[PDB]
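Commentary on secondary and tertiary structure
What follows is each chain in one-letter form.
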Amino acid sequence: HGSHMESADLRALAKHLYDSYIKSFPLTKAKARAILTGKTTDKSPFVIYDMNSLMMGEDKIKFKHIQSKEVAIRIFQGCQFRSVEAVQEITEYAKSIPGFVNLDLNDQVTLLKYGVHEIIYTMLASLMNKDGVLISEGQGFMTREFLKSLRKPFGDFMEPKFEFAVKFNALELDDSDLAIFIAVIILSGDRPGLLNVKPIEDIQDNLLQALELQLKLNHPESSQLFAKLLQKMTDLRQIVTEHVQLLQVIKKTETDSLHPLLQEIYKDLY
Ligand SMILES: Cc1c(C)n(Cc2ccc(C(C)(C)C(=O)O)cc2)c2ccc(C(=O)N[C@H](C)c3cccc(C4CC4)c3)cc12
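Parameters and conventions
Residues numbered from 1 in each chain as written, not as in the entry; some residues may be left out. Heavy atoms only, no water. Residues with missing side-chain atoms left out of burial classes, pairs and counts. Helix = DSSP H or I, 4+ residues; strand = E, 2+ residues; numbered from the N terminus. Rg over C-alpha atoms; globule rule 2.2 N^0.38 Å. UniProt positions renumbered as here; feature names shortened; annotations may be inferred. Pairing = 2+ DSSP bridges. Axes fitted to C-alpha atoms, helices over the stretch in contact; angles between N-to-C directions. Parallel < 35°, antiparallel > 145°, perpendicular 65-115°, else oblique. Left-handed = near helix turned anticlockwise from the far one by under 90°. Contact = heavy atoms within 4.5 Å. Nonpolar A, V, L, I, M, F, W, Y, C, P; charged D, E, K, R; others polar. Salt bridge = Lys/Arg side-chain N within 4 Å of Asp/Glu carboxyl O.

In the PDB header, X-ray crystallography is given as the technique by which the entry was determined, and 2.7500 Å as its resolution.

Right, here's the structure in full:
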């Protein structure tokens, strides 16, 4: 429909959330895609396609701590070290969402608990194509087929992430669309264990309308793209369930997981 004063607010909200999306996250989908196509002035990332290429990229790494079994551990421990840094960047973006910090602190924890994994899955699509995924803030690129070649419990922990990304990146969403799409996931008013739901649903419905207005403007072709995104929010919860069910098996009937003190030692040291 036509414009008005309310449309001026949703476009300003979309820009405000976009400004926070650029600052909260260092590698946006715009630059992440520019690295994959080689059309960026930055150096080409190191490619990990076989076991031999992996034993050359680790020589560029500073540390050296964990045999064909230590590979599946170091690789898994790697994204675990980015997942902990992910929450740092996701929380800063969540705090920048207008009205999130005014919620109850117990709800802010509950929204971030069940929602951070879906954002990790969502933003992971911005870093990967049909061949591999960008790792270490665009410094490396690990092949999808190489992640399949890992040991049996670890050859299937990245594949659900690639299958969702191929269907998700087929929508050609940009940083402006993904900015509003993440906030809607954060402000999911039906997270198990919320205190005040009404103030959260007001923000989500406000973010939903700012998202639908964004998609109608930023995507003239392909109607019902807003309905396609809402189905992806339902797909993520099914994928996170299969991921958290697989993560508890590798952390209890496989690895030791990383020690709590060692993780903070590696964070502040390098
Ligand atoms: C498997 C893997 C993925 C898939 N990546 C991409 C990735 C991007 C972005 C995200 C988030 C969630 C932040 C996102 O933006 O969506 C997640 C995963 C990686 C990024 C870096 C590394 C990694 O080993 N680094 C260094 C070398 C490192 C740092 C500390 C400790 C160690 C080893 C214990 C000694 C290694 C691994 C991976």
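Moving on from the coordinates now.
Further remarks concern the overall build of the chain. Helix and strand counts for the chain come out as 11 helices and three strands. Secondary structure elements of the chain occur, N-terminal to C-terminal, as α-α-β-α-α-α-β-β-α-α-α-α-α-α. Rg of the C-alpha trace for the chain: 19 Å, near the compact-globule value of 18 Å for 270 residues, within the 12% margin. Along the three orthogonal principal directions, the C-alpha set of the chain runs to about 65 × 45 × 35 Å.

Moving on: the UniProt feature "short sequence motif: 9aaTAD" in the chain. Mapped onto this numbering, the UniProt entry annotates "short sequence motif: 9aaTAD" at residues 260-268. Across residues 260-268 one finds 100% helix and 0% strand; the C-alpha atoms that close the span lie 13 Å apart.

The subject of this paragraph is the sheet that holds strand β2 (residues 132-135). Read across the sheet, three strands follow the order β1-β3-β2 without closing on themselves; strand pairing throughout is mixed. The open sheet has two edge strands, β1 (46-48) and β2, and neither has a second partner. Direction aside, the axes of adjacent strands within the sheet are offset by 25° on average. Bridge analysis of β2 against strand β3 (residues 140-143) gives four bridges, and the strand direction is antiparallel. Note that in β3 the partner of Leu134 across the bridge is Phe141.

Attention shifts here to the packing of helix α8 (residues 175-186) against helix α10 (residues 225-250). Interaxial distance between α8 and α10 falls to 11 Å at its minimum, and their mutual angle equals 50°. Considered as vectors, α8 and α10 are oriented oblique to each other. Crossing of α8 over α10 shows right-handed handedness. Here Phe181, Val184 and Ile185 of α8 come into contact with α10, specifically with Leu229, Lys232, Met233 and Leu236. Broken down by class, the residue content of the contact of α8 with α10 amounts to six nonpolar, no polar and one charged.

Moving on: the pattern of salt bridges. In this structure, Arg82 engages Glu137 in a salt bridge whose closest nitrogen and oxygen atoms are separated by 3.1 Å. Residue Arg82 is located in helix α4 (residues 68-96), and its partner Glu137 is located in the loop between β2 and β3; the two are separated by 55 residues in the primary sequence. One salt bridge connects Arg144 with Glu159, and the closest N-O pair in it is separated by 2.5 Å. Of this pair, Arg144 sits in helix α6 (residues 144-148) while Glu159 is found in helix α7 (residues 159-169), placing the two residues 15 residues apart along the sequence.

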